[PDB]
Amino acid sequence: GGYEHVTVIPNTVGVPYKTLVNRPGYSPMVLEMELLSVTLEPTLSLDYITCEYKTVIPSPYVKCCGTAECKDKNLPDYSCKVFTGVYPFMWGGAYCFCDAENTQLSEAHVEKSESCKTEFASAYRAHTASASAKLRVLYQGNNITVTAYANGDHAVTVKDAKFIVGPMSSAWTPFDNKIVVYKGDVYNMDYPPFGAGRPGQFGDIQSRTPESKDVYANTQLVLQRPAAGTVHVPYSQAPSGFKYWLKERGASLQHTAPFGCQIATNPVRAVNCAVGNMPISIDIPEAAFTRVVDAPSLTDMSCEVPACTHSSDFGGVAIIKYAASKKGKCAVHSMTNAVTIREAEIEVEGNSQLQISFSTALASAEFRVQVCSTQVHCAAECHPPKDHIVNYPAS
C-alpha cells in the first residue's frame, strides 16, 4: 500500500543530499537526507586488564643467635632469602646478643595495587563490527530522525514511512584483531597473551578483571643482602610496565585512524568514518502521494540568475516566474547533477514568481529546474569566491 524509493548516498556525515521520488502517474516528491552519525561498534572479548603492581614486603625476620628457614609460598613472584653473618643495629644499640650467628629472613611477593580499580588498561579481542546510522529526513515539511542498523535487515517506521538502511559498501574498521583501552583512548596493539608478560613492559602484571583475585606476575623481583647494621629489605625489580606504557604510548586511534574516524569509548566505537557509500530504502505510503492532474499545472516559465558564486555552499540565487492553474505545493529539483537546489518544496499561487538558492562548481552553469511536473532552463554566470579552502564538505 505505497511506493518504495531506493537510493544510494556517500558515507559522509553533515552533508544534506536531495533525492527525487518519481511515482508514475503521481506528482514528484523531493526528500532531503542527512547522516547525523554512523557508528561501528565491534564485539569485544576481554582477555585481561593491566595496571601498576604492588611489591608487598613485610617486616624481615631477624633471628638472633639462630638460623631462619625459607618456606615455599604459593604467591605471585614470591621471593625468600636467608642472609648469614648479619649484625643489625637499632636505636638503643645492637638488636642481637650474638656477634656472627644471626640470620635475616627477607620475604616479598607481587599483587595488584589499590589503584588497579581506578587506573588500568584493558586488553580486548576485537572481531566483527555492528554498523548503525542516525539519519535526518526532511519529510512533509518536517525533520524526522531515523536510527537503524546499517545491515539492510532492520526496518524502522517513522510517520508511516518504512526505512531500511544499508548494507554498508565498505566493511573497513580502524580497529585490528587485538586492541588496548585506557579511559577515553583506544590503541591498536598486539599485546602479549595472558601468562606471558615481560618485566618492565605492558603486561608485567596481568589479571582478568580489575577485581579478580588471582593475578600473573613477571617483574624480575630479586632480594638483596641488607646494609651493615641496617634493618631493611633491599631488592632489584623492573619498574611498572603500565606506568611506562603510559608514557611511551603515543597517539591514540582518535588521532591516527584513516577516513577521519572519531573514536569514543563506553562502549568502544568508530564514529563518522568517511568510507564507502550507504544504500537507503524508503517505503513511502500511498496517502503521501498526489496525482499529476490533482497537482497544479505549470506554464509560461522563465528563469533569471541575478547573483551567482561557484562554491561549496549555496552561492547562487535564481528567480523563476510562473503561470499556475491552481494553488498548491510544488516540488523543486535540479535536473542537472552539477547544480543542487536548497529548497525541496514551495507554495504555488498563480501568476507569481519563486526564489531558489543553488550550489554549483561551474563558472558557466547551464541547468534545468523541475517545479512540479514542468521543467525550466536556467542560465548562470558564476564567479570565483574569496577563499581557496573551505571548512565544510559538499556534493
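In this text, residue numbers run from 1 along the sequence as written.
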Next on the checklist: Comparing average C-alpha B factors as deposited, tell me which of 320 to 328 and 168 to 176 sits higher.
Outcome noted: 320 to 328
Next on the checklist: Please compare 127 to 135 with 289 to 297 and name the stretch with the higher mean C-alpha B-factor in the deposited structure.
Outcome noted: 289 to 297
Next on the checklist: Looking at the C-alpha B-factor values in the deposited entry, which of 280, 231, 189, 305 comes out highest?
Outcome noted: 305
Item to check | Candidate set 249, 310, 243, 225 [ranked by C-alpha B-factor, highest] | outcome: 310
Item to check | residue 315 - Cα temperature factor, lowest/middle/highest third of chain | outcome: highest
Item to check | residue 260 CA temperature factor, ranked by third within the chain | outcome: middle
Checklist entry - residue 150's Cα B-factor: lowest, middle or highest third of the chain? => result middle
Checklist entry - By the record's CA B-factor, is residue 93 among the lowest, middle or highest third of residues in the chain? => result highest
Item to check | Record-listed C-alpha B factor of residue 333: chain third | outcome: middle
